[PDB]
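J.: Pasting a structure here, questions to come.
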Amino acid sequence: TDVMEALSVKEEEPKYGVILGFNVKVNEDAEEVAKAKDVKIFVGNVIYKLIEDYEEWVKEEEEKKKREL
Amino acid sequence: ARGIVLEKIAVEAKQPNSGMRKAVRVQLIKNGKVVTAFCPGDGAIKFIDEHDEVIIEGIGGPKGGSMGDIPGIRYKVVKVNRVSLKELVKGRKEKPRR
Amino acid sequence: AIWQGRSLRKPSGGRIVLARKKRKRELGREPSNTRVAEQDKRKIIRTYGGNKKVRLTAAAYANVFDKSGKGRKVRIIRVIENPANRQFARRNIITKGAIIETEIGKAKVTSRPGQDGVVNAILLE
Amino acid sequence: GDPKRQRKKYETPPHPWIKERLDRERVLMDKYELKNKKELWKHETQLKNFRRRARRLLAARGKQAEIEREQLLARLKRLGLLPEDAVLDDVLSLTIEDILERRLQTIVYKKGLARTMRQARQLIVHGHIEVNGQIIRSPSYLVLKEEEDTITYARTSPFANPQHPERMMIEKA
Amino acid sequence: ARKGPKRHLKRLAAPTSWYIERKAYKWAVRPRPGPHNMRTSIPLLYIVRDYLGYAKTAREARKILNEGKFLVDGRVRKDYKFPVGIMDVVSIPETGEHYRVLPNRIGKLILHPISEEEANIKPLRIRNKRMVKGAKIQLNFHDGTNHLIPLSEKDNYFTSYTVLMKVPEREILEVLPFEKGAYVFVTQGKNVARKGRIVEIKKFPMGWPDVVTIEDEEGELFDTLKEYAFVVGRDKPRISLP
RNA sequence: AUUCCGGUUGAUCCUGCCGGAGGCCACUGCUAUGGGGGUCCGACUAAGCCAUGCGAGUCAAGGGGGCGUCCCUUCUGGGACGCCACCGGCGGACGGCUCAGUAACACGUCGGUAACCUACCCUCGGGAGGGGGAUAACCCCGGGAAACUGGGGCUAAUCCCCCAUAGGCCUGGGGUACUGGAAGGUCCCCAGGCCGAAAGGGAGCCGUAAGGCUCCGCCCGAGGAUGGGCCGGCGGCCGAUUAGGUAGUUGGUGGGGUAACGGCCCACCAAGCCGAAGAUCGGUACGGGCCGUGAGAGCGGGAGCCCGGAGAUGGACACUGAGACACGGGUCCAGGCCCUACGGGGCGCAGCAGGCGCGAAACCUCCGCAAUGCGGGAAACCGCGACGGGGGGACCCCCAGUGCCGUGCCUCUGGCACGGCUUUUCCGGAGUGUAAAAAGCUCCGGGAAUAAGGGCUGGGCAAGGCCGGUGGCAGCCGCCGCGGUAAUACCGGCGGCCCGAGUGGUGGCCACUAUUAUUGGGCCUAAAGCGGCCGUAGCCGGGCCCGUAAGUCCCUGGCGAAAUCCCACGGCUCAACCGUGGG
RNA sequence: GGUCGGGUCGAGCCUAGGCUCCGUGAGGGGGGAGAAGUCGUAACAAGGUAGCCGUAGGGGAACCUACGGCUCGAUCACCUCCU
RNA sequence: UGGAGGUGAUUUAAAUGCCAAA
Ligand SMILES: [Mg+2]
Ligand SMILES: [Mg+2]
Ligand SMILES: [Mg+2]
Ligand SMILES: [Mg+2]
Ligand SMILES: [Mg+2]
Ligand SMILES: [Mg+2]
Ligand SMILES: [Mg+2]
Ligand SMILES: [Mg+2]
Ligand SMILES: [Mg+2]
Ligand SMILES: [Mg+2]
Ligand SMILES: [Mg+2]
Ligand SMILES: [Mg+2]
Ligand SMILES: [Mg+2]
Ligand SMILES: [Mg+2]
Ligand SMILES: [Mg+2]
Ligand SMILES: [Mg+2]
Ligand SMILES: [Mg+2]
Ligand SMILES: [Mg+2]
Ligand SMILES: [Mg+2]
Ligand SMILES: [Mg+2]
Ligand SMILES: [Mg+2]
Ligand SMILES: [Mg+2]
Ligand SMILES: [Mg+2]
Ligand SMILES: [Mg+2]
Ligand SMILES: [Mg+2]
Ligand SMILES: [Mg+2]
Ligand SMILES: [Mg+2]
């Protein structure tokens, strides 16, 4: 259901539909649905090592938005 | 069934009636499909917001389908965030989580 | 290994899908190919219900009976022929119905060595 | 298949809003002071069962049929619904009022124990009435004819005293 | 019984010839192998506790049995699973009472009081007969027990005859042949517990069982299987029957 | 109750479908005082994954030891008495759980085995003679992170192994004693072989001793019983937009193997076997007793209780045993997961509780072996999440309450004011009840005190032509239809109707429906007679006479478990429920 | 119990080919609702050329034309066959 | 009196439905 909620938020906001898991586990059905619907998930164990990954992915998406523009 | 609200819409009545009927788009949790559900009651659409979860059921028309002057809509909303919608419309209860 | 339960074919030719595992009480065992040898050798098998079978694996003597009802214990030379299998005679395999040659003439086996543990034969004329 | 499930002992009307049926049932409910419709419906079902057994046995022949025929007549006239010389045909002329007259509440009212139907109901429920030496607290119990005359105030009740104020008012009518 | 023998018995599946309340509890006593078969016998515990009523629970019933208070065919039985069957004798010497076990008119087992003089004999139907080593004859009875006779006497005994045996010594004292005019008692079937005299015998091809005709006291004739007809006398019964 | 009502027109009669009105099952809104009975509660999606505790033991009257307490003499010891583990015996193959697979001799029913196995138990007939051997426990030393595991010393048995005799099995030649419908069977006599028993053990009294006298036991044979294996005839789903299928395939002869018959498996010889009366292939499904509904004929379902089958993460395979290819026993592969000192080692709750996940959808990490049974024991007894007892729950059914009486007044059904009464129910006590409790039941004290909701209100369809808001907006509407500034139809007030501890919403099946038609429908113009004809299987077939007895009808034997259904009588206060009889 | 030799049964694994299911998918095709866009007026009266069936050709679009058929075709005059 | 058929003919051009009803 978390992936469903994330997709609902992503429907109208591309940059705010994402999941940040801190020392948790991802179920088989959840990862299958995320792969099918192309939703990004960042799993980690360190707070800064997890936040910086999301920041840099957002920056890469931002630059790719205008790279082909 | 249980689903998540994607957006609010309005549907015109069939001729010769006049008016707009308040509905929502719902994505089902069990299989990911998208359906349309009617919101019964006077002013009921105010208690629905985007990203809420709802419980829906059939609307009760002939042969288990649509009814009245709204063809194309087969379901109606029953609960919102685990609170009965009929209560909210009458009063007697207030929607949680603000 | 050796399952004697049922065939997987219907008499019309269609196939049968097995609906259970193989039960233990339906298994068979390796055939004993009783050969001619210099010295006899037999073993004992514990069977269903806790019974026993004597299995003869190498035969050197035989019991021969005449039409008068007397018997003699003599030794076996070779297997002349065996109608059960085309190549039993060359390998000297003894089964019921085989023709063996002895020191007092040819004889036809009347017992089942793999089930009884002895070779009995009636004399031929 | 499926194991046994216990079923209801009464039947509901085929149409809930029929004017004539509502009028008739209201008359009965008010006269005999029943609590709800299902109580009434219970008694109706009893009557129908009796009728359904009589219709089946008129058309039967054999040895078991005669046994069941005499058993039906004996049970009917043990309850006080038929005279001791009645025949099978007389089963088909029974009405609902005949059964409602056999309730313990109605009989307590008719014998003079209470002034009203409602007072009789309360007298029964609170445990002031004894039947054949035993206290019964069900107002709908059907009274056998053989035990009708042993119906009195319980020997421990306040009312089993000719000087009690409420008993005297009952005697006054 | 996926892998082996059954050891339990539910009340609802119990034999239909017992007097027992089938919904009061879950389990019933599964009888031990023994003399008669399941359809014509009952365990001893029910006789002690339910029928005669000398015990309230099973535990105190087992205390009575372990002290040696009951005799079946004159022998002490201590096993509470032991089966008691048709034509057996139950004796309580401490109270001095004797019973014979018999089927009812509806097919259930009951205890019939008898005298002490008659309690020493037991009738046994000859179920089979064979040759045994040393050229002797072995007689196999309706309750499963066996007896030996010499080759000289071989013509006095045939199947369906009845032997009156003295218990517990097991010594023969009478032979009752099966023939026209014999007095019989029926032990199974629709005509169970009726009695009378033999009138006719009929036979059929290919292993179908043979049938007999019986006349009762009032003059009515009825048929039954030959093996359901137990001989009890020449022209009058030798034992007490209800 | 063997039933109708609304809807096609400006109006009418039809055909035809949709809707209303009834019952039952699952989920769910709002709302709830009490008791009793019962076969109710993670079945539908995930036969998905699981921490912790428990779900199978028992025997001191089979045997040697260790420790403790007392008595006699005790340098020692010998005794009794009680504990503890080990060797040894029996059991753990039943019971409990779930419904994935399976369209099949899986299941129901009638038969068969002269083609077979069976520890425990019952009866009758016999036997118990002579030798040998190790080893746990215990003492010395240990190894490894642990799981586990090494060497040396000594000892016993109802433990193990030999020898004899009884006994069993195979083949050839004779005899005719038994059962049976019928002997490849049983019995007797010769002859050639192969296999091959036993624990006179344990307890107690009389015994001065000699030795009896009971109690429990060991081995062989014949039969039964109990529990099964195997086989046959008949009976019960959907598809032709699946038409040909099979090659150990169908049969024969000779063998092997099995507890046993059999292409069950081999060697050789033939060309059979199944099919439009539906083979083969695909879909869906555990079968039945039964259950829901209906006037019946029928139509639909098969979780819960009983009987049968199958499975233990998926797939294969073995040891022990009377019985297993074994849910709380073993091995391999695949796939998950856990602990390591990194060298290795472990685990699958579709048992009772409990947790996560999935979903619209489902309970306490409780007490007891007192009852009913099972395993062990000579017995007394011991163990059992089976079963019994409670805890949570608008599961099903039965019986009740939320006051009653009199006199006045009122808008006279009802409401109010006076005076009285009762205590089911509620609060506090004593007894009985129970394994112990809790409920329940009998008494005592207080007091009308502690207790009504849900839907509907234009027609169908019972109930308002009242008032205030809104103004083709908002809303209602199963169907027909309302709402456009004077709404009996929307929102609210006040009235009224139905049912009532319940009452409404959604989805499914039966009825409605003679819209599946045997009973019992239609085809000129409304859906529907092949464009026409000839003919193979199938169905339907003229009159009389004689025979038969397959269908058909009547009478009678053996069967179709129990529970469930109907009736009377009896026990719980009556009932629901339970027992004895008849169907 | 180890090691080797032989015979036989076998889950799994790899390669090739042939069938079939699920997800995406450029491009294309008709169907159904909506009715304040557009061009015409084909069907109903003889609907202004009677309508319709089969076949074939043609045309922005409803449609038009040829051969054989049906009445489920209006009006007038004459003829035939009946009651 | 009321019906059923057959053969002939039938004199230019002439498309559409808006405000409403509410
Ligand atoms: Mg079932
Ligand atoms: Mg019309
Ligand atoms: Mg279940
Ligand atoms: Mg599950
Ligand atoms: Mg098992
Ligand atoms: Mg299935
Ligand atoms: Mg020996
Ligand atoms: Mg089925
Ligand atoms: Mg649980
Ligand atoms: Mg539920
Ligand atoms: Mg209103
Ligand atoms: Mg009305
Ligand atoms: Mg209908
Ligand atoms: Mg019709
Ligand atoms: Mg035609
Ligand atoms: Mg035609
Ligand atoms: Mg023809
Ligand atoms: Mg004829
Ligand atoms: Mg006939
Ligand atoms: Mg039955
Ligand atoms: Mg009573
Ligand atoms: Mg009664
Ligand atoms: Mg009963
Ligand atoms: Mg035109
Ligand atoms: Mg035209
Ligand atoms: Mg042209
Ligand atoms: Mg016009």
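Labels used: A, B, ... for chains in the order of the structure tokens, numbers from 1 for residues in each chain, and numbers from 1 for ligands as shown.
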List every residue of chain E that has an atom at most 12 Å from any atom of ligand 20, giving for each one its closest atom pair and the distance in Å to one decimal, counting only C-alpha atoms and all ligand atoms, sorted by chain and then by ascending residue number, as a tab-separated table.
T.:
```
residue	atom	partner	partner_atom_place_in_ligand_line	distance
E:12	CA	ligand 20	1 (Mg)	11.3
E:13	CA	ligand 20	1 (Mg)	11.2
E:16	CA	ligand 20	1 (Mg)	10.5
```
J.: Would you put the residues from that selection into a file with N, CA, C and O atoms, as an mmCIF file, in the first residue's frame?
T.:
```cif
data_model
loop_
_atom_site.group_PDB
_atom_site.id
_atom_site.type_symbol
_atom_site.label_atom_id
_atom_site.label_comp_id
_atom_site.auth_asym_id
_atom_site.auth_seq_id
_atom_site.Cartn_x
_atom_site.Cartn_y
_atom_site.Cartn_z
ATOM 1 N N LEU E 12 -20.671 -42.161 17.746
ATOM 2 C CA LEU E 12 -21.603 -42.135 16.630
ATOM 3 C C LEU E 12 -21.401 -43.293 15.669
ATOM 4 O O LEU E 12 -22.324 -43.629 14.928
ATOM 5 N N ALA E 13 -20.228 -43.918 15.664
ATOM 6 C CA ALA E 13 -19.939 -45.020 14.760
ATOM 7 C C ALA E 13 -20.013 -46.379 15.446
ATOM 8 O O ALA E 13 -19.593 -47.379 14.864
ATOM 9 N N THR E 16 -24.688 -51.073 16.143
ATOM 10 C CA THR E 16 -26.082 -50.727 16.356
ATOM 11 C C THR E 16 -26.797 -51.672 17.310
ATOM 12 O O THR E 16 -27.975 -51.452 17.600
#
```
J.: Give the residue list for ligand 4 at 8 Å, counting only C-alpha atoms (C1' of nucleotides) and all ligand atoms, as a VMD selection string, sorted by chain and then by residue number.
T.: chain F and resid 42 46 48 350
J.: Using only C-alpha atoms (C1' of nucleotides), find which residues of chain E lie within 6 Å of chain F and jot them down as JSON, numbers by chain.
T.: {"E": [3, 4, 5, 6, 7, 12, 13, 25, 27, 32, 33, 34, 35, 130, 131, 144, 145, 146, 147, 205, 206, 207]}
J.: Please give the complete set of residues from chain A that DSSP, run on the backbone, assigns to alpha helix (DSSP H), formatted as a ChimeraX atom specification.
T.: /A:2-12,28-37,47-67
J.: May I ask you to write as a list in words all residues lying at most 10 Å from ligand 16, with only C-alpha atoms (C1' of nucleotides) and all ligand atoms counted?
T.: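 Result of the 10 Å neighbour search around ligand 16: residues 529, 530 and 531 of chain F.
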J.: So that I have them on file, write out the residues from the current selection with N, CA and C atoms (P, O5', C5', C4', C3', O3' and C1' of nucleotides), as a PDB file, in the first residue's frame.
T.:
```pdb
ATOM      1  P     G F 529     -36.965 -19.380 -39.687  1.00  0.00           P
ATOM      2  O5'   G F 529     -38.246 -20.194 -40.140  1.00  0.00           O
ATOM      3  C5'   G F 529     -38.481 -21.513 -39.669  1.00  0.00           C
ATOM      4  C4'   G F 529     -38.448 -22.529 -40.781  1.00  0.00           C
ATOM      5  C3'   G F 529     -39.446 -22.306 -41.902  1.00  0.00           C
ATOM      6  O3'   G F 529     -38.950 -22.971 -43.063  1.00  0.00           O
ATOM      7  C1'   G F 529     -39.967 -24.307 -40.815  1.00  0.00           C
ATOM      8  P     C F 530     -38.022 -22.231 -44.139  1.00  0.00           P
ATOM      9  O5'   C F 530     -36.534 -22.493 -43.663  1.00  0.00           O
ATOM     10  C5'   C F 530     -36.027 -23.808 -43.485  1.00  0.00           C
ATOM     11  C4'   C F 530     -34.544 -23.869 -43.744  1.00  0.00           C
ATOM     12  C3'   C F 530     -34.150 -24.139 -45.193  1.00  0.00           C
ATOM     13  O3'   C F 530     -32.910 -23.490 -45.474  1.00  0.00           O
ATOM     14  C1'   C F 530     -33.294 -25.845 -43.823  1.00  0.00           C
ATOM     15  P     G F 531     -32.862 -22.154 -46.354  1.00  0.00           P
ATOM     16  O5'   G F 531     -33.765 -22.488 -47.613  1.00  0.00           O
ATOM     17  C5'   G F 531     -34.811 -21.625 -48.013  1.00  0.00           C
ATOM     18  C4'   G F 531     -35.350 -22.020 -49.359  1.00  0.00           C
ATOM     19  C3'   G F 531     -35.724 -23.478 -49.530  1.00  0.00           C
ATOM     20  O3'   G F 531     -36.988 -23.801 -48.988  1.00  0.00           O
ATOM     21  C1'   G F 531     -34.442 -22.790 -51.371  1.00  0.00           C
TER      22        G F 531
END
```
J.: Do me a favour and pick out the residues of chain A within 12 Å of chain B, using only C-alpha atoms, as a compact mmCIF listing (two decimals) with C-alpha atoms, in the first residue's frame.
T.:
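Dumped to out35.txt:
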```txt
# COMPACT_ATOMS: atom_id res chain seq x y z
CA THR A 1 0.00 0.00 0.00
CA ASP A 2 2.97 2.33 0.54
CA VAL A 3 3.90 1.94 -3.13
CA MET A 4 0.29 2.65 -4.11
CA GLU A 5 0.31 5.83 -2.00
CA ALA A 6 3.66 6.82 -3.51
CA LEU A 7 2.26 6.37 -7.02
CA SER A 8 -0.79 8.45 -6.11
CA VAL A 9 1.45 11.29 -4.92
CA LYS A 10 3.73 10.90 -7.96
CA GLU A 11 0.71 11.23 -10.28
CA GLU A 12 0.70 15.01 -9.76
CA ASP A 29 5.13 -8.07 -3.73
CA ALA A 30 6.14 -4.50 -2.88
CA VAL A 33 4.91 -3.64 -7.90
CA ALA A 36 6.33 -2.78 -12.61
CA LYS A 37 5.10 0.78 -12.02
```
J.: Could you give me the residues within 12 Å of ligand 1, counting only C-alpha atoms (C1' of nucleotides) and all ligand atoms, as a VMD selection string?
T.: (chain D and resid 1 to 3) or (chain F and resid 43 99 107 286 to 291 301 to 309)
